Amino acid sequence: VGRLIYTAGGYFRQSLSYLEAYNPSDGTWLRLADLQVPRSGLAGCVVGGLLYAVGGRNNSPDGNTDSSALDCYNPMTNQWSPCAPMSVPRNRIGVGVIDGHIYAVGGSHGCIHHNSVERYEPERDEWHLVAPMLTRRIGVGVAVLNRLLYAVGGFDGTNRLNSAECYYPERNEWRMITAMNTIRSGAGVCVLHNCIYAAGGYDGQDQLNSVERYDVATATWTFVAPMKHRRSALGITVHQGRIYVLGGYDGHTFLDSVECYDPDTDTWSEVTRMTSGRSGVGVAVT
(Lines of atoms letter the chains of each structure in order from A and count residues from 1; the text may use other names and numbers.)
(Lines give C-alpha, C1' and ligand atoms only; values in the text may rest on other atoms or scores of the structure.)
Protein backbone atom coordinates (compact mmCIF):
# COMPACT_ATOMS: atom_id res chain seq x y z
CA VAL A 1 0.00 0.00 0.00
CA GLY A 2 0.97 3.69 -0.62
CA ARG A 3 3.85 3.03 -3.07
CA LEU A 4 4.37 5.97 -5.49
CA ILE A 5 5.40 6.16 -9.20
CA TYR A 6 8.51 8.44 -9.23
CA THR A 7 9.58 10.26 -12.46
CA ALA A 8 13.10 11.84 -12.53
CA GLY A 9 14.76 14.09 -15.15
CA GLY A 10 13.57 14.08 -18.75
CA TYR A 11 13.77 16.50 -21.71
CA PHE A 12 11.66 19.45 -22.91
CA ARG A 13 13.83 22.09 -24.73
CA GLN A 14 16.65 20.96 -22.38
CA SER A 15 17.35 18.19 -19.83
CA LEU A 16 15.26 18.71 -16.67
CA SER A 17 15.92 18.38 -12.87
CA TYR A 18 12.32 17.55 -11.83
CA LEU A 19 11.52 14.70 -9.45
CA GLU A 20 7.76 14.18 -9.20
CA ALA A 21 5.73 11.29 -7.75
CA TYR A 22 2.24 10.08 -8.77
CA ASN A 23 -0.13 8.25 -6.38
CA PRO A 24 -2.53 6.09 -8.46
CA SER A 25 -4.84 5.81 -5.34
CA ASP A 26 -5.82 9.50 -5.02
CA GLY A 27 -4.59 10.75 -8.47
CA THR A 28 -2.21 13.27 -6.75
CA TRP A 29 1.24 14.47 -7.95
CA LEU A 30 4.01 15.43 -5.45
CA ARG A 31 6.81 17.85 -6.40
CA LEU A 32 10.01 16.58 -4.65
CA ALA A 33 13.63 17.83 -4.55
CA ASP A 34 15.22 18.56 -7.99
CA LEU A 35 18.18 16.43 -9.17
CA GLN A 36 21.52 18.25 -8.49
CA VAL A 37 22.32 17.98 -12.27
CA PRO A 38 19.68 18.00 -15.08
CA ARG A 39 19.37 14.56 -16.81
CA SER A 40 17.49 13.06 -19.81
CA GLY A 41 17.98 9.52 -21.18
CA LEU A 42 18.60 8.21 -17.65
CA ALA A 43 17.06 5.18 -15.94
CA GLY A 44 15.33 4.97 -12.55
CA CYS A 45 15.40 2.03 -10.12
CA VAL A 46 14.72 1.31 -6.43
CA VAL A 47 16.89 -0.78 -4.06
CA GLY A 48 15.97 -1.05 -0.33
CA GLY A 49 13.59 2.00 -0.33
CA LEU A 50 16.14 4.36 -2.08
CA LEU A 51 15.56 5.65 -5.68
CA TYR A 52 18.62 5.69 -8.02
CA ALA A 53 19.10 7.93 -11.07
CA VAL A 54 21.58 6.28 -13.43
CA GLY A 55 23.43 7.75 -16.40
CA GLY A 56 21.71 9.89 -19.05
CA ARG A 57 22.91 13.28 -20.40
CA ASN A 58 22.71 16.99 -19.54
CA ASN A 59 21.49 18.42 -22.91
CA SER A 60 21.89 22.21 -22.23
CA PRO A 61 21.46 25.32 -24.41
CA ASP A 62 25.24 25.64 -23.76
CA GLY A 63 25.88 21.98 -25.03
CA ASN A 64 25.65 18.17 -24.25
CA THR A 65 27.41 16.14 -21.48
CA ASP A 66 26.82 12.36 -21.23
CA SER A 67 26.60 11.33 -17.52
CA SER A 68 28.47 8.48 -15.68
CA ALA A 69 26.63 9.61 -12.53
CA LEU A 70 24.75 7.49 -9.98
CA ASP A 71 22.69 9.64 -7.57
CA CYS A 72 20.68 8.30 -4.66
CA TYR A 73 17.28 9.75 -3.47
CA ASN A 74 15.89 9.04 0.06
CA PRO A 75 12.11 9.72 0.16
CA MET A 76 12.42 10.01 3.99
CA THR A 77 14.92 12.96 3.74
CA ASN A 78 13.76 14.33 0.31
CA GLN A 79 17.54 14.68 -0.42
CA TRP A 80 19.74 13.56 -3.40
CA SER A 81 23.34 12.34 -2.63
CA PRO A 82 26.10 11.37 -5.08
CA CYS A 83 27.15 7.67 -5.21
CA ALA A 84 30.09 6.04 -6.99
CA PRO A 85 29.96 6.93 -10.70
CA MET A 86 29.97 4.20 -13.38
CA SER A 87 33.19 3.28 -15.27
CA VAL A 88 31.80 5.16 -18.40
CA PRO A 89 29.06 7.71 -19.26
CA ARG A 90 25.86 5.92 -20.42
CA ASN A 91 23.13 8.09 -22.06
CA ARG A 92 20.01 6.23 -23.39
CA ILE A 93 20.82 3.56 -20.74
CA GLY A 94 18.85 0.49 -19.55
CA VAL A 95 18.94 -0.68 -15.93
CA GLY A 96 17.63 -3.59 -13.94
CA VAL A 97 18.00 -4.81 -10.37
CA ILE A 98 18.79 -8.46 -9.41
CA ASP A 99 19.19 -9.37 -5.72
CA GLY A 100 19.85 -5.73 -4.60
CA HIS A 101 22.44 -5.04 -7.37
CA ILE A 102 21.97 -2.42 -10.12
CA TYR A 103 22.92 -3.42 -13.70
CA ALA A 104 23.73 -0.48 -16.05
CA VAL A 105 23.29 -1.82 -19.60
CA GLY A 106 24.73 -0.31 -22.84
CA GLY A 107 23.88 3.31 -23.67
CA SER A 108 26.12 5.85 -25.48
CA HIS A 109 28.99 8.29 -24.77
CA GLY A 110 29.15 10.57 -27.87
CA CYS A 111 30.01 8.14 -30.77
CA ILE A 112 30.66 5.21 -28.32
CA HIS A 113 27.75 2.67 -28.62
CA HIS A 114 28.29 0.44 -25.54
CA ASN A 115 28.02 -3.39 -25.45
CA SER A 116 29.49 -3.26 -21.89
CA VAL A 117 27.51 -3.87 -18.70
CA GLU A 118 28.46 -2.99 -15.14
CA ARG A 119 27.03 -3.91 -11.78
CA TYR A 120 26.62 -1.79 -8.65
CA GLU A 121 26.74 -3.11 -5.04
CA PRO A 122 25.08 -0.46 -2.82
CA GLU A 123 26.55 -2.00 0.40
CA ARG A 124 30.14 -1.42 -0.94
CA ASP A 125 29.23 1.67 -3.15
CA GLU A 126 31.30 0.13 -6.02
CA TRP A 127 30.69 -0.76 -9.72
CA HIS A 128 32.34 -3.79 -11.51
CA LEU A 129 32.33 -4.72 -15.26
CA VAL A 130 30.40 -7.98 -15.98
CA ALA A 131 30.03 -9.88 -19.28
CA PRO A 132 29.25 -7.57 -22.21
CA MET A 133 26.07 -8.06 -24.27
CA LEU A 134 26.38 -9.90 -27.60
CA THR A 135 25.18 -6.67 -29.29
CA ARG A 136 25.94 -2.97 -28.72
CA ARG A 137 22.66 -1.39 -27.53
CA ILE A 138 21.75 2.26 -26.94
CA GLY A 139 18.08 3.16 -26.27
CA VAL A 140 17.82 -0.38 -24.78
CA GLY A 141 14.89 -1.55 -22.59
CA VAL A 142 15.73 -3.78 -19.59
CA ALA A 143 13.51 -6.15 -17.53
CA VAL A 144 14.27 -8.73 -14.80
CA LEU A 145 12.38 -12.04 -14.83
CA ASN A 146 13.23 -15.32 -12.98
CA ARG A 147 16.51 -13.67 -11.81
CA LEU A 148 17.68 -13.18 -15.44
CA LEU A 149 18.17 -9.73 -16.94
CA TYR A 150 16.69 -9.17 -20.45
CA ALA A 151 17.98 -6.47 -22.82
CA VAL A 152 15.47 -5.60 -25.57
CA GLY A 153 15.85 -3.61 -28.80
CA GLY A 154 17.99 -0.44 -29.07
CA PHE A 155 20.48 0.72 -31.75
CA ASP A 156 23.93 -0.91 -32.37
CA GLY A 157 25.57 2.06 -34.27
CA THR A 158 24.34 0.85 -37.75
CA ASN A 159 21.06 -1.15 -37.26
CA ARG A 160 17.96 -0.45 -35.16
CA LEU A 161 17.22 -3.70 -33.32
CA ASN A 162 14.32 -6.18 -32.94
CA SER A 163 16.87 -8.57 -31.24
CA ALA A 164 16.81 -9.33 -27.48
CA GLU A 165 19.19 -11.16 -25.20
CA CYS A 166 19.21 -12.68 -21.72
CA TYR A 167 21.93 -12.32 -18.98
CA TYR A 168 22.62 -15.20 -16.52
CA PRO A 169 24.20 -13.58 -13.45
CA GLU A 170 25.37 -16.83 -11.74
CA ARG A 171 27.12 -17.97 -15.01
CA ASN A 172 27.99 -14.29 -16.04
CA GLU A 173 27.01 -14.81 -19.71
CA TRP A 174 24.49 -13.56 -22.28
CA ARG A 175 22.35 -15.54 -24.78
CA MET A 176 20.27 -14.25 -27.72
CA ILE A 177 16.50 -14.88 -27.17
CA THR A 178 13.60 -14.81 -29.70
CA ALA A 179 13.59 -11.40 -31.43
CA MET A 180 10.64 -8.99 -31.27
CA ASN A 181 8.31 -8.79 -34.31
CA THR A 182 9.13 -5.01 -34.44
CA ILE A 183 12.45 -3.08 -34.59
CA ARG A 184 12.27 -0.78 -31.46
CA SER A 185 14.77 1.77 -30.02
CA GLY A 186 13.70 3.88 -27.00
CA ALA A 187 10.90 1.39 -26.10
CA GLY A 188 9.48 1.13 -22.57
CA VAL A 189 10.31 -2.37 -21.24
CA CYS A 190 8.90 -3.79 -17.97
CA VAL A 191 7.83 -7.14 -16.41
CA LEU A 192 4.19 -7.90 -15.46
CA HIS A 193 3.02 -11.36 -14.17
CA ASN A 194 5.95 -13.41 -15.60
CA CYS A 195 5.78 -11.60 -19.04
CA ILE A 196 8.11 -8.92 -20.54
CA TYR A 197 6.33 -6.04 -22.29
CA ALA A 198 7.98 -3.77 -24.89
CA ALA A 199 5.75 -0.71 -25.50
CA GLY A 200 6.36 1.89 -28.22
CA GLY A 201 9.79 3.09 -29.33
CA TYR A 202 11.01 4.02 -32.83
CA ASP A 203 11.34 1.58 -35.79
CA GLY A 204 13.58 3.92 -37.90
CA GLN A 205 10.58 5.61 -39.68
CA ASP A 206 7.87 6.24 -37.00
CA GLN A 207 7.21 6.36 -33.23
CA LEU A 208 5.20 3.21 -32.32
CA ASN A 209 1.99 2.68 -30.37
CA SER A 210 2.36 -1.17 -30.69
CA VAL A 211 3.07 -3.31 -27.60
CA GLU A 212 4.58 -6.83 -27.68
CA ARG A 213 4.59 -9.29 -24.74
CA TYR A 214 7.28 -12.02 -24.30
CA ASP A 215 6.09 -15.39 -22.90
CA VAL A 216 9.18 -17.18 -21.43
CA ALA A 217 7.56 -20.67 -21.69
CA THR A 218 6.98 -20.56 -25.51
CA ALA A 219 9.83 -17.94 -25.87
CA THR A 220 7.70 -15.84 -28.28
CA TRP A 221 6.59 -12.18 -28.64
CA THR A 222 2.86 -11.51 -29.32
CA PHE A 223 1.12 -8.11 -29.90
CA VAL A 224 -1.29 -6.93 -27.22
CA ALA A 225 -3.57 -3.84 -27.38
CA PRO A 226 -1.63 -0.78 -28.65
CA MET A 227 -1.33 2.46 -26.66
CA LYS A 228 -3.54 5.42 -27.61
CA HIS A 229 -0.39 7.57 -28.27
CA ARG A 230 2.70 6.60 -30.33
CA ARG A 231 5.70 7.26 -28.06
CA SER A 232 9.46 6.73 -27.93
CA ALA A 233 11.83 7.55 -25.00
CA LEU A 234 8.78 6.91 -22.71
CA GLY A 235 8.93 6.11 -18.98
CA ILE A 236 7.43 2.76 -17.90
CA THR A 237 6.73 0.96 -14.65
CA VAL A 238 4.27 -1.47 -13.07
CA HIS A 239 1.98 -0.57 -10.11
CA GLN A 240 -0.64 -2.99 -8.65
CA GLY A 241 -0.69 -5.40 -11.62
CA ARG A 242 -0.96 -2.62 -14.24
CA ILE A 243 1.60 -1.00 -16.63
CA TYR A 244 2.00 2.85 -16.53
CA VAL A 245 3.66 4.58 -19.51
CA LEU A 246 4.73 8.22 -18.88
CA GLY A 247 5.48 10.84 -21.52
CA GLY A 248 7.77 10.34 -24.52
CA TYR A 249 8.00 11.81 -28.00
CA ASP A 250 5.10 11.06 -30.45
CA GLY A 251 6.86 12.39 -33.59
CA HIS A 252 5.54 16.03 -33.20
CA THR A 253 5.05 16.68 -29.41
CA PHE A 254 6.67 15.89 -26.00
CA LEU A 255 3.75 14.02 -24.33
CA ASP A 256 2.34 14.71 -20.83
CA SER A 257 -0.06 11.69 -21.29
CA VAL A 258 0.13 8.85 -18.73
CA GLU A 259 -1.57 5.62 -20.02
CA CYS A 260 -2.42 2.54 -17.93
CA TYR A 261 -2.56 -1.08 -19.22
CA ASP A 262 -4.93 -3.56 -17.52
CA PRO A 263 -3.73 -7.08 -18.49
CA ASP A 264 -7.16 -8.57 -17.42
CA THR A 265 -9.12 -6.64 -20.13
CA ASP A 266 -6.15 -5.99 -22.54
CA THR A 267 -7.05 -2.23 -22.69
CA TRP A 268 -5.04 1.02 -22.26
CA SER A 269 -6.67 4.07 -20.51
CA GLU A 270 -5.42 7.68 -20.01
CA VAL A 271 -5.22 7.98 -16.18
CA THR A 272 -3.57 11.41 -15.62
CA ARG A 273 -1.23 14.04 -17.11
CA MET A 274 2.30 14.87 -15.93
CA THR A 275 2.57 18.59 -14.88
CA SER A 276 4.48 19.16 -18.21
CA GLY A 277 5.32 17.15 -21.38
CA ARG A 278 8.72 15.43 -21.51
CA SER A 279 10.62 12.40 -22.84
CA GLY A 280 13.64 10.35 -21.63
CA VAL A 281 12.56 10.21 -17.94
CA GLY A 282 13.71 7.67 -15.33
CA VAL A 283 10.78 5.94 -13.55
CA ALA A 284 10.50 3.60 -10.54
CA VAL A 285 8.06 2.56 -7.75
CA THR A 286 8.61 2.66 -3.97
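In this text, rigid core is short for the largest set of C-alphas that superpose within 1.5 Å between two forms. In case it trips you up, residue 1 is the first one in the sequence shown, and so on.
**Student:** Line up the rigid core: which moves more in 6 other deposited structures of this protein, 39-47 or 59-67, by C-alpha RMS?
**Tutor:** Relative to the shown form, the greater RMS C-alpha distance in 6 other deposited structures of this protein belongs to 59-67.
**Student:** According to the deposited model, is the average Cα temperature factor higher in 102-110 or in 75-83?
**Tutor:** Mean CA B-factor is higher for 75-83.
**Student:** If you take the mean CA temperature factor per stretch, which one wins between 186-194 and 119-127?
**Tutor:** Averaged over C-alpha atoms, the B-factors run higher in 119-127.
**Student:** In this PDB entry, which of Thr220, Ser68, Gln36, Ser40 has the top CA B-factor?
**Tutor:** Of the options given, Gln36 has the highest CA B-factor in the PDB entry.
**Student:** Between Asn172, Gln205, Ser163, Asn146, which one tops the list for Cα B-factor in this entry?
**Tutor:** That would be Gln205, according to the entry.
**Student:** Which third, lowest, middle or highest, does the CA B-factor of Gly44 fall in along this chain?
**Tutor:** Middle third of the chain for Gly44's C-alpha B-factor.
**Student:** For the chain shown, is the CA B-factor of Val216 in the lowest, middle or highest third of its modelled residues?
**Tutor:** Highest third.
**Student:** Ordered by C-alpha B-factor within the chain, which third holds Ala284? Give me lowest, middle or highest, please.
**Tutor:** Its C-alpha B-factor belongs to the middle third of this chain's values.
**Student:** Ranking every modelled residue in this chain by its Cα temperature factor as given in the entry, which third contains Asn91?
**Tutor:** Its C-alpha B-factor belongs to the lowest third of this chain's values.
**Student:** Ranked by Cα temperature factor within the chain, is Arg57 in the lowest third, the middle third or the highest third?
**Tutor:** Middle third.
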